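Protein chains in written order, with PDB author numbering: chain e, 138 to 308; chain b, 5 to 231; chain h, 1 to 134; chain d, 2 to 200; chain 8, 50 to 74.
Built from N, CA and C at the ideal position, the CB exists for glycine as well.
I have placed the structure first, in the form of C-alpha cells, so that the comments after it can refer back to it.
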Amino acid sequence: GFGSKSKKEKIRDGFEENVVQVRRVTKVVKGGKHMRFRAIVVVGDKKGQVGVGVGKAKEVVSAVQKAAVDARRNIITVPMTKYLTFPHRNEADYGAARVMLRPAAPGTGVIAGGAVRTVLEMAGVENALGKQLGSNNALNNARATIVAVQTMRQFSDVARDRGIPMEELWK
Amino acid sequence: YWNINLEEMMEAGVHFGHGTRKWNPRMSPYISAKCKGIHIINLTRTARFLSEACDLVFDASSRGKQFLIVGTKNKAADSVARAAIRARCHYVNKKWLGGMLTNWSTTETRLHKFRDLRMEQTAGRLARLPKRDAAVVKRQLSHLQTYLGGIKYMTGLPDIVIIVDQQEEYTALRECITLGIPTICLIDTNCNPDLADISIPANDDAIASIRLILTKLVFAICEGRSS
Amino acid sequence: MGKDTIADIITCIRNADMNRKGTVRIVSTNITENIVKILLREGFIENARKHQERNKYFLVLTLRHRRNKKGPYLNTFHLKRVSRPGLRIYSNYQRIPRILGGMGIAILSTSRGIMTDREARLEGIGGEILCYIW
Amino acid sequence: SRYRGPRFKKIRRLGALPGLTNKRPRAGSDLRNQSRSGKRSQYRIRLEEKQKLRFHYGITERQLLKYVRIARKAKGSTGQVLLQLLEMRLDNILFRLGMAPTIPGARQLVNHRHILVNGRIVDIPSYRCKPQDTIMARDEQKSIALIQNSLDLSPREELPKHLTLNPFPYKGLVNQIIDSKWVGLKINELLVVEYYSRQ
Amino acid sequence: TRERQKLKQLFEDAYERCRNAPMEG
RNA sequence: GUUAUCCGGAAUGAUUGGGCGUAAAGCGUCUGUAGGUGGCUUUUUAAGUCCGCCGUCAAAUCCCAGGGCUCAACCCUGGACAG
Numbered sequence: 138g139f140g141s142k143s144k145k146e147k148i149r150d151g152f153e154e155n156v157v158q159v160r161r162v163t164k165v166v167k168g169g170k171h172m173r174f175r176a177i178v179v180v181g182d183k184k185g186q187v188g189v190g191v192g193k194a195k196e197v198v199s200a201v202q203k204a205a206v207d208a209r210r211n212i213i214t215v216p217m218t219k220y221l222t223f224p225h226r227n228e229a230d231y232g233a234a235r236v237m238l239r240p241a242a243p244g245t246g247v248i249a250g251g252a253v254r255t256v257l258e259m260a261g262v263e264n265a266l267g268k269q270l271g272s273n274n275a276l277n278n279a280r281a282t283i284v285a286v287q288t289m290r291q292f293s294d295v296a297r298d299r300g301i302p303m304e305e306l307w308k
Numbered sequence: 005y006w007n008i009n010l011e012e013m014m015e016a017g018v019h020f021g022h023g024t025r026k027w028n029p030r031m032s033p034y035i036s037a038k039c040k041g042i043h044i045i046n047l048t049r050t051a052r053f054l055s056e057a058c059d060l061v062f063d064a065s066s067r068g069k070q071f072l073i074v075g076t077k078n079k080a081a082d083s084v085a086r087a088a089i090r091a092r093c094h095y096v097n098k099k100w101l102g103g104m105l106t107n108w109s110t111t112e113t114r115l116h117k118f119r120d121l122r123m124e125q126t127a128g129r130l131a132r133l134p135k136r137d138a139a140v141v142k143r144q145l146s147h148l149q150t151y152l153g154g155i156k157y158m159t160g161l162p163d164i165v166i167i168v169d170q171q172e173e174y175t176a177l178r179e180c181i182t183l184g185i186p187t188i189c190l191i192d193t194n195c196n197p198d199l200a201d202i203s204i205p206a207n208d209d210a211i212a213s214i215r216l217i218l219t220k221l222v223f224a225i226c227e228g229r230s231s
Numbered sequence: 001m002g003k004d005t006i007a008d009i010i011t012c013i014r015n016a017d018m019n020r021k022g023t024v025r026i027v028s029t030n031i032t033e034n035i036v037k038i039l040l041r042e043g044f045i046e047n048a049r050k051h052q053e054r055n056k057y058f059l060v061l062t063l064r065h066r067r068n069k070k071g072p073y074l075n076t077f078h079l080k081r082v083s084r085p086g087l088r089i090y091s092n093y094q095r096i097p098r099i100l101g102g103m104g105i106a107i108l109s110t111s112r113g114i115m116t117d118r119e120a121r122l123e124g125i126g127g128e129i130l131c132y133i134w
Numbered sequence: 002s003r004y005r006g007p008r009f010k011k012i013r014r015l016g017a018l019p020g021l022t023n024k025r026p027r028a029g030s031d032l033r034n035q036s037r038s039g040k041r042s043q044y045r046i047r048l049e050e051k052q053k054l055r056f057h058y059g060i061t062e063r064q065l066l067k068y069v070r071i072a073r074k075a076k077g078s079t080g081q082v083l084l085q086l087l088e089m090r091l092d093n094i095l096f097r098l099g100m101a102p103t104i105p106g107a108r109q110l111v112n113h114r115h116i117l118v119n120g121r122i123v124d125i126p127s128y129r130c131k132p133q134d135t136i137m138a139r140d141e142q143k144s145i146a147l148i149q150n151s152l153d154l155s156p157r158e159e160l161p162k163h164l165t166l167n168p169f170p171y172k173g174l175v176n177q178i179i180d181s182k183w184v185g186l187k188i189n190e191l192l193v194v195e196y197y198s199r200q
Numbered sequence: 050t051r052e053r054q055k056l057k058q059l060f061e062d063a064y065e066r067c068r069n070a071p072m073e074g
C-alpha cells in the first residue's frame, strides 16, 4: 500500500497493449442478473514478441490490465526470417477456428481479419496475408494464429535438423 | 566425477521394481526384465542418467543457487529432513499445499505471519494471553509448522526441485512444470520420464535406495557449496 | 496389402511417430525400397534395415528424435499423399512444386527413377507426383 | 477537382501536412477544446493515411485508385512504387524545386502554361516526369519573375538527390527516380497499401 | 531481470535435457 | 445516391475446399449384375505420363517492352509464357 503505482506499472514501452474485444459477459443469480467484463488483450513488442490473454472483472480497466498480466506471462517469439515476413505458409486450427497464414512480398501491408491482424500488427511482421477459415470468434481465432506461428520453422533450423549443408536458398 | 558402482545398486532395491501389470508403457524401450510380479529396471541407463543427474546438479550449484527438495510420503518423510538439514536445503516436512510455488505471493504473506508468530513464540510473551489465544496461535502455528516449518529459509524460486517419487506430488510437480523450474526426480516403473525433463528411474520401495540416491545428491549439493 | 502399398508405408510413418514410437516395420517392395533410399539420405529418418521373418524381406526404419523433451522430437514429420489411386496427378517440369520454398520435398516418379525436386528439377523431366513431405 | 478549400482543418485532423498548403504550422490561435481522449478506430487510422496522402498531393481519389492499380501492376515494393508514381508527378517536382511555395501554387503555376519541359510546354499537372528530363520556365518568365519570387523565399530546404537547380538559367532536372528515403513526407507505406487491399 | 534469469535457467536445463537422452549409457 | 442484374465475400454445392453419434444428413440388413478401385516379382508394347522438335489455335483483347497523341484514356509496333 505504498501508493500511486508509479514505479510498479512498468510504463509499457517494452510491451504495447491493445484490446481486441471487450464483451460484457453476464451471469444470473438469485438476486438477479449481473455482468462482468471479458476483455481480450494482445500484448507484444514489434520485435517479434506477442501473446493473447483473456480476463474478466466487474471493472473495465481492471479486466483489461488483468488480461494483460495474464498475457505478459504468455509469450512466444515469431519466427520471421526475411525482411519482416514469414518463412513459409502455415495453417493450424484451434478449437473450431482455422487460420491460413501465407508469407508475402515486402510491398504488402498485413492483410487479415481483425483478430489475426491484431496479433500480427503487434507481432511486428509487416508482410503477411492470412485468411481465416471457420469461426467468427476472436479468441480462438487469435490463439489459433499463435499456435499457427509457434510451429513454424526457419531455413537455418531445418538445415540444422535435416543435416543438409546448405543450398536451394536465394538468401 | 560422481560415480556409483553398478553392484551397489544391483545388490540393493534398485532393480527391485514394481508391479508387472501396472506398467505405464512409456518405459517399454526402458525396463529390462520382469520377475515374480515385480519389474526389473535397466541399470545401465539408470546409472548413466544418474551421471547426468549429478553433472547437472553439481554444475547448477557450481553456478551458485539454492535447491529445493519435496518430502511428503511418510515412508520417506524424515529421511528427506536428514537429507536437508546437513545439505542446507529447505524442504517439505510431511504434506504439500497446492500453490506453494505458483501462488507464492499469498504463501509469502503467509510467511510474514509465520515469521511474526515465530518471533512471538521465541519472545516469551506466549504465556501472557490465556488458553484461547494460545490455543489459536498453537493451531495456526501447528498448520504452518506442518508446511512452512521446513522452508523458512527461502525467498523466491529454486533452480532444481527433487521430489518424492511420482504419486503423491503430481501437484508440486505440475507447479514446477508451469513455472518452468527444472526438476530432477525419481521414477517408479510405471510413470513418466517426460514430466520432468531429466529424472532418475529407480524403485523407491527400498529405504536404502532412497537414502542412496538422495545421499548421493546431498553430497553433490554440499560439494556444490564447497566452492 | 490393402488397396495401397504407399499409404501402407506412409500411414505407418504418421501412425508410428504420432505415438512417438521410433521404429517402423513395413513390407519391402521395389517402390518402398526406393522411397526409403531417397528418404534416409535426406535427413528425415535414421536407418533402414532389411531382414526376414518367414523369408519375407521387411524394412525396419528408425525415426529421428532429439533429447528428453515434452516430446523427444520437435519438428513434427507431416507426411502426406497426393496421387491417390483413382485420382492420378501428373506434373510437367513447370508445375513441380517447391514445398514451403524447399523445406519439404516432393517424391515423384520420373522416367529415370523416383527423384526429389532437386533431382527432377535439374533433369527437366516431369512425372507422376507420388507424395510430398514437409 | 482541386478541393480548393479550408485547409487548417485538414492539418489539424491529419497532422501537419508538410509543405503542401503551408509552411506555417497550424493553430496559431486555436485548438483550445475537443479532447480526442484516445478513441480512434483502426479504419480511421488507415483512412487518415489515405487523406494524409491525398491532400498532400492534391489528387482526385479515383485517380489515386488509378495509381494504386498501376502500382500493383508494376514489379516491386508497391508501398514504395506508389511513392514513386506520386513523386515524379510534375507539380510535386515544381513544389520540390521551390518553383512555387505550395502545391496548389504549383498546380496553378502549371495550369496557366508557364512550364516548358524539354523545350515543349506541358499544360497538365498530372504529368509524370522521367529520368534525365529538363524543367524550365517560360520565355516571358524572365519578364514575369513570379518563379524568381518563389525561388527567393524558398531555399530553407535544399533539394532531394533527383533535383539539380541551376540558379539564373532556372533549369531543374531529375537524375533518377526518387528513393524512399528521398520521399519528403513521413508515412507508413504498409498502412496505405493494406487499406486498398479491399479496393 | 528475474524473469530473464528464470528463462536462462530453463534453457540450461532443457539443454541439460538436450545433450544425453542422446548418447550415453 | 437509390434500384435492378452478375460475380465476390460464400469453404453457403466443397477438384483445390465441407460434412453424416447427438447440430440438416448412413438405406432396416444382406446377396449380387453393370460399373469403380485393387497384392508381389520379372519381361514386352507405350494408350495414359514425361522430354525434344514441328504445325495450328485469325486479327482485335489481356501480359511485357517501346512509340505516338502536351499526359492519361485511346491508338500503334514487336515479343511470348501458358494452355
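Chain h places no beta carbon closer than 8 Å to that of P205 (chain b), leaving this residue out of the contacts.
A residue is called buried when at least 16 other Cβ atoms come within 10 angstroms of its Cβ; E73 (chain 8) does not meet this threshold and is exposed. According to the DSSP secondary-structure assignment, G271 (chain e) is paired through a beta bridge with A234 (chain e).
With the criterion set as a beta carbon lying under 8 Å from some beta carbon of chain h, the members of the region 184 to 217 of chain b are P197, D198, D201 and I202, in sequence order. Residue range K170 to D182 is occupied by the beta strand (DSSP E) that includes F174 (chain e). The C-beta of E119 (chain h) comes no closer than 8 Å to any C-beta of chain e.
With respect to chain e, the C-beta atom of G77 (chain d) has a partner C-beta closer than 8 Å. Going by C-alpha positions, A229 (chain e) is about 23 Å away from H65 (chain h). Within chain 8, the residues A63, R66, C67 and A70 have their CB atoms less than 9 Å from the CB of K69 (chain h), given in chain order. Spanning the alpha carbons of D63 (chain b) and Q269 (chain e) requires a straight line of approximately 48 Å. Taking a Cβ-Cβ threshold of 8 Å, the residues of chain 8 close to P72 (chain h) are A70, in chain order. Look at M1 (chain h) here: in three-state DSSP terms it is coil, with no helix or strand label. Shown in chain order are the members of the region 32 to 52 of chain b whose Cβ falls below 7 Å from a Cβ of chain 8: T48, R49 and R52.
For a Cβ distance threshold of 8 Å, residue set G246 of chain e lies close to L192 (chain d), ordered along the chain.
A distance below 7 Å between beta-carbons, with the five flanking residues on each side excluded, links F152 (chain e) to the following residues of its chain, in chain order: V180, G181, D182 and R209. One thing to note: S155 (chain d) has its Cβ within 8 Å of the Cβ of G99 (chain d). Counting along the chain, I71 (chain d) sits inside no beta strand (DSSP E); it lies in the alpha helix (DSSP H) bounded by residues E62 to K74.
Rounded to whole angstroms, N211 (chain e) and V189 (chain e) show a C-alpha spacing of 7 Å.
In this structure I213 (chain e) is not in contact with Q291 (chain e), their Cβ atoms being roughly 14 Å apart against a cut-off of 8 Å. One finds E65 in chain 8 with Cβ atoms closer than 7 Å to the Cβ of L60 (chain b), taken in chain order. Going by beta carbons, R20 (chain h) and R68 (chain 8) fall outside the 8 Å limit.
Residue environment: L306 (chain e) is assigned as exposed (fewer than 16 neighbouring CB atoms within 10 Å of its CB, all protein chains considered).
A check of alpha carbon separations from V61 (chain b) across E65 (chain 8), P71 (chain 8) and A70 (chain 8) identifies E65 (chain 8) as the nearest. Taking 8 Å as the cut-off, the beta carbon of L32 (chain d) is found no closer than this to the beta carbon of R3 (chain d). For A107 (chain d), no beta strand (DSSP E) encloses it; the enclosing alpha helix (DSSP H) starts and ends at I104 to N112.
Within chain 8, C67, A70 and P71 have C-beta atoms less than 9 Å from the C-beta of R66 (chain h), given in sequence order. The C-beta of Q177 (chain d) has fewer than 16 other C-beta atoms within 10 Å across all chains shown, which makes the residue exposed.
By the CB criterion at 8 Å, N278 (chain e) and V247 (chain e) fall outside the cutoff.
For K57 (chain 8), no Cβ of chain b is located within less than 8 Å of the residue's own Cβ.
Under the 8 Å criterion on CB atoms, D182 (chain e) is classed as non-interfacial with respect to chain h.
For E196 (chain e), none of the residues of chain d pass the 8 Å Cβ criterion, the least Cβ distance being about 18 Å. Taking 8 Å as the threshold, the shortest C-beta distance from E179 (chain b) to chain 8 does not fall below it. The three-state secondary structure of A106 (chain h), taken from DSSP, is strand. Remark: C-beta atoms of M289 (chain e) and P243 (chain e) do not approach each other more closely than 8 Å. Contact of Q200 (chain d) with chain e is not assigned, every C-beta pair being separated by 8 Å or more. Residue-level contact by beta carbon fails for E263 (chain e) and chain h, as no gap is shorter than 8 Å.
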